[PDB]
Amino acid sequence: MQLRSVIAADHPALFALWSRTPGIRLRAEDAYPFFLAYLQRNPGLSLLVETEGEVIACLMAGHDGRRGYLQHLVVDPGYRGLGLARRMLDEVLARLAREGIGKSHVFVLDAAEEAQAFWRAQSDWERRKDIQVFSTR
């Protein structure tokens, strides 16, 4: 059970992970070039857990110099109950604070009832009731 920084060479294994994660809709920026630039801008901030050379969990993260933003938090079905999510989440938040980032955000689909339950259960996070989000179409 090893936790470590995602690097560029992890792309195949991570992309296969995301492809088999039913709540993830793959996008153009899950492809290598976007991934490479994301890692180079956020070095050390995205983490994975591997075991026996297989990647079973990840948390992609980065920031814009003001706030942190979490992206794809995945724990393989065979690896639930081991605290992995919390463990990746703790280490990403600490790494972010080294860069001065004290506040982070995550977006979560209404559809994604498991993901919503996960985030409601995190005592160090709150669901935002005071804001609208607008996005480019």
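Note that residue numbering follows the sequence shown and begins at 1.
Averaged over Cα atoms, the B-factor as recorded in the entry is higher for 107 to 115 than for the other of 53 to 61 and 107 to 115.
Here the stretch with the larger average CA B-factor, out of 34 to 42 and 77 to 85, is 77 to 85. The PDB entry assigns residue 101 a C-alpha temperature factor belonging to the lowest third of its chain's modelled residues. When the modelled residues of the chain are ordered by C-alpha B-factor, residue 28 sits in the middle third. For residue 7, the recorded CA temperature factor ranks within the lowest third of the chain's modelled residues.
In this PDB entry, residue 121 carries a Cα temperature factor that places it within the highest third of its chain's modelled residues.
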